[PDB]
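Engineer:
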Amino acid sequence: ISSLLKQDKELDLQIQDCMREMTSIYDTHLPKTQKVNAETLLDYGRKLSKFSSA
Amino acid sequence: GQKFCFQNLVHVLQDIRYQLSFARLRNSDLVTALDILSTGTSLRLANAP
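If you're matching them up, the sequences are chains A and U in order. Read left to right, the first sequence gives residues 1 to 54 (the working numbering). Read left to right, the second sequence gives residues 101 to 149 (the working numbering).
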């Protein structure tokens with residue numbers, strides 16, 4: 001019985017490993033919860049530069 | 101009057117130092133600017149509990 005139980009545990013661990021590897025490969029992710037013109041960007045950032053700075 | 105001279109000089113030197121901070125310009129925080137392109141301050145939200 002002890003040898004055969006050890007065999008069952010090992011087989012359970014083998015199915016474990018296969019499902020583990022399939023679910024690892026398929027990484028499951030939740031779903032995810034404008035372009036810019038640089039001129040208006042740069043001017044805005046330089047404005048902000050004095051005010052976000054100490 | 102001579103003392104007044106010393107002090108007065110110190111005050112003028114401070115004043116021009118003040119104008120000095122008023123004249124420099126610092127490199128833009130583009131990060132905050134790009135965040136504000138998308139209308140949030142992404143920084144202040146993520147950071148804050």
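A virtual CB, placed ideally from N, CA and C, is assigned to each residue, including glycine.
Looking at the structure shown, is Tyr44 (chain A) part of a helix, part of a strand, or coil, going by DSSP?
Structural biologist: Walking along the first sequence from the start, residue 44 (chain A) turns up at place 44. In this structure, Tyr44 (chain A) counts as helix in the three-state DSSP scheme.
Engineer: Alpha carbon to alpha carbon, what distance is there between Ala54 (chain A) and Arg46 (chain A)?
Structural biologist: The residue you call residue 46 (chain A) lines up with position 46 of the first sequence. The residue you call residue 54 (chain A) lines up with position 54 of the first sequence. Their Cα atoms are separated by approximately 14 Å.
Engineer: For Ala133 (chain U), does the count of other Cβ atoms within 10 angstroms reach 16, so buried, or fall short, so exposed?
Structural biologist: Within the second sequence, residue 133 (chain U) is the residue found at index 33, counting from 1. The residue in question, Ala133 (chain U), is buried, as its Cβ has 16 or more Cβ neighbours within 10 Å.
Engineer: Do the region 110-130 of chain U and the region 21-37 of chain A make contact, defined as three or more Cβ pairs closer than 8 Å?
Structural biologist: no
Engineer: Taking 8 Å as the threshold (C-beta atoms), are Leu48 (chain A) and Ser142 (chain U) in contact?
Structural biologist: In the second sequence, residue 142 (chain U) corresponds to position 42, counting from 1. In the first sequence, residue 48 (chain A) corresponds to position 48, counting from 1. For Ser142 (chain U) and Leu48 (chain A), no; Cβs fall outside 8 Å.
Engineer: For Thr132 (chain U) and chain A, any beta-carbon pair shorter than 8 Å?
Structural biologist: Here residue 132 (chain U) is taken as the residue at index 32 of the second sequence, counted from 1. For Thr132 (chain U), the answer is yes, since a Cβ of chain A falls inside 8 Å of its Cβ.
Engineer: Taking the straight line between their C-alpha atoms, what separation do you get for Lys103 (chain U) and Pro149 (chain U)?
Structural biologist: By 1-based counting over the second sequence, the position of residue 103 (chain U) is 3. By 1-based counting over the second sequence, the position of residue 149 (chain U) is 49. The C-alpha of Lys103 (chain U) lies about 56 Å from the C-alpha of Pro149 (chain U).
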